[PDB]
Amino acid sequence: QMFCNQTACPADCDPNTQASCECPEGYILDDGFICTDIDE
């Protein structure tokens, strides 16, 4: 459901696929409103 796409994506909360800014279980956005996580 929530996990951006392509390793890491922005958080365009799409009204049809609301799941890019809600982030996975506390996924936590990034320094570029990209809902993702790799290290720091």
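Residues numbered from 1 in each chain as written, not as in the entry; some residues may be left out. Heavy atoms only, no water.

- Method of determination, as annotated in the archive: solution NMR.

**Brief notes about the UniProt feature "disulfide bond" in the protein chain**
Alright, step 1. For the UniProt disulfide pairing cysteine 13 with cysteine 21, the two sulfur atoms lie 2.0 Å apart, close enough for the bond to be present in this model.
Alright, step 2. With a relative accessible area of 42%, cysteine 13 lands in the partly exposed category.
Alright, step 3. With a relative accessible area of 24%, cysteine 21 lands in the partly exposed category.
Alright, step 4. A sulfur-sulfur distance of 2.0 Å is found between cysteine 23 and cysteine 35, whose disulfide is recorded in UniProt, and that is short enough to count the bridge as formed.
Alright, step 5. On the basis of relative accessibility, which here comes to 0%, the residue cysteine 35 falls in the buried class. (Disulfide = S-S within 2.5 Å. UniProt positions renumbered as here; feature names shortened; annotations may be inferred. Buried < 20%, exposed > 50% of the residue type's maximum accessible area, 1.4 Å probe, protein only.)

**Regarding unusual backbone geometry**
Alright, step 1. Positioned with a positive phi, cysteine 4 is a non-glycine residue whose angle comes to about 40°.
Alright, step 2. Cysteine 4 sits in the buried class, given a relative accessible area of 14%.
Alright, step 3. Even without a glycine there, the phi angle at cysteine 23 is positive, about 50°.
Alright, step 4. For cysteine 23, a relative accessible area of 6% corresponds to the buried category.

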